[PDB]
């Protein structure tokens, strides 16, 4: 019931993305086109592009589905489309490789539908114990699984982290102090980036509570 959670700051993001870009520079892979995996790869993609000097960024939206009986995970491109990337070197970027299902799909999808000269993959982080596929480049290796709460994800993650606590209440009333307490107890965050009261207001607006 405890989930190890790490709050990632903008500075750490900048540091990771820059470190990622440096590895690509040092490998002298000449990138013409970045394909960001939406939504997680949008920010890292922009930052890496700034460091490497890439002007062409495209994105594909990859969904993550779980079959509720079998619990089978499946990644899936939504709003799929084709463009002609022949004669381009492509770099695919995402935030973090966990199982590697997303980058595996992205690579396969790009090879088949964009037809680049060459394709490489890159993520800010990479979880060694969990990854079936390892990205060509990564800034930081993670040897112990944890949920990484990125600065572009603060609202969404907190909304979910709060909901995982609320769905075990046993009282259709919501006590905020109890909530804050459980947040510290379950996740180890005493000062969430977004105050839990704002989260609750937004959860109501979204009809989650």
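Numbering follows the first chain given and starts at 1.
Look at the C-alpha B-factors of 114-122 and of 88-96. On average they run higher in 114-122. Note on 6-14 vs 189-197: mean CA B-factor is higher in 189-197.
Each of 63, 156, 168, 50 has a CA temperature factor in the record; the biggest one is found at 168. The entry lists C-alpha B-factors for 70, 160, 59, 32, and the highest of these is at 70.
Sort the modelled residues of the chain by CA B factor and residue 183 lands in the highest third.
Compared with the other modelled residues of the chain, the Cα B-factor recorded for residue 164 ranks in the middle third.
For residue 43, the recorded CA temperature factor ranks within the lowest third of the chain's modelled residues. Annotation for residue 176: C-alpha temperature factor in the highest third relative to the rest of the modelled chain, per the entry. In this PDB entry, the Cα temperature factor of residue 78 sits in the bottom third of its chain's modelled residues, the lowest group.
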